[PDB]
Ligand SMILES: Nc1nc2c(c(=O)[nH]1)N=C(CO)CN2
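We begin with a single chain expressed as structure tokens, specifically the form deposited without this ligand.
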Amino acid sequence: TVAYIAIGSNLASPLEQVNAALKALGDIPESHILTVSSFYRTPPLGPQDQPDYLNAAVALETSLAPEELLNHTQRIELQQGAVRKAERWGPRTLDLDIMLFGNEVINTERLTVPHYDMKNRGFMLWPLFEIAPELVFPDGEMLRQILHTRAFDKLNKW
């Protein structure tokens, strides 16, 4: 099964951080990376000196159950972020979100697939379109049409 995962990070030197994350994703059991997007850059809000977010999308082939994949992405966030040395909501973070899972539609308290807000997040859709231009969502929406009709903030490569 092909799952699409979004990586975002504003920690220390984000290049190294996401590379670390990519590594962790490949080391997930019964899983290997198919494709990774270019790295993109989302600036923070306000004029304040604050680090940019690095964004990417990954295509993961897995034979794990979706909840099982979430166990692992949750684990990697904790092992690799700052939640222990700081806060959950930390000024800086490592985010791994399961955007899509096969053509599956999952509606539960701990897991909602497709990711609830991804169609409104250009830092998720543009990297995804780079690696899967022909993608169709379970409800029939075509990724290419959403990008022609919805308004997204400019998004340059890192």
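Note that residue numbering begins at 1 and tracks the sequence as displayed. If you superpose the two forms and keep the largest set of C-alpha atoms that fall within 1.5 Å, you have the rigid core.
Looking at 30-38 and 86-94 together, the entry lists the larger mean B-factor for 86-94, computed on C-alpha atoms. Look at the C-alpha B-factors of 44-52 and of 124-132. On average they run higher in 44-52. Based on the entry's C-alpha B-factors, the most elevated value among 12, 22, 147, 142 belongs to 12.
In this PDB entry, residue 73 carries a Cα temperature factor that places it within the lowest third of its chain's modelled residues. Looking at the C-alpha B-factors along this chain, the one for residue 118 belongs to the middle third.
Remark: residue 111 belongs to the highest third of its chain, ranked by C-alpha B-factor as recorded. When all modelled residues of the chain are sorted by CA temperature factor, residue 60 is found within the middle third.
The same protein also has a form solved in complex with this ligand, omitted here; what follows describes it.
Remark: open binding site. Placing this ligand in the entry with it bound onto this structure by local C-alpha superposition gives no atom within 2.4 Å of a backbone or C-beta atom. For the chain shown alone, residue 126 is not a contact residue for this ligand in the entry with it bound, no non-hydrogen atom being within 4.5 angstroms.
Interface membership of residue 35, defined by any non-hydrogen atom within 4.5 Å of this ligand in the entry with it bound, is ruled out. Although the partner is absent here, residue 133 sits far enough away that none of its heavy atoms falls within 4.5 Å of this ligand in the entry with it bound.
None of the heavy atoms of residue 31 is located within 4.5 Å of this ligand in the entry with it bound. Residues of 42-75 lying near this ligand in the entry with it bound, listed in sequence order, are 42, 43, 44, 45, 53, 55, the criterion being any heavy atom within 4.5 Å. When the two forms are superposed on their rigid core between the shown form and the other one, the C-alpha shift of 2 Å or more among 50, 38, 107, 120 belongs solely to 50.
A displacement of 2 angstroms or greater separates the C-alpha positions of residue 91 between the shown form and the other one, with the rigid core held in common. In the entry with it bound, the Cα atoms of residue 19 and residue 86 sit 3 Å or more farther from each other than they do here. Compared with the form shown, the residue 128-residue 46 C-alpha separation decreases in the entry with it bound, the change being 3 Å or greater.
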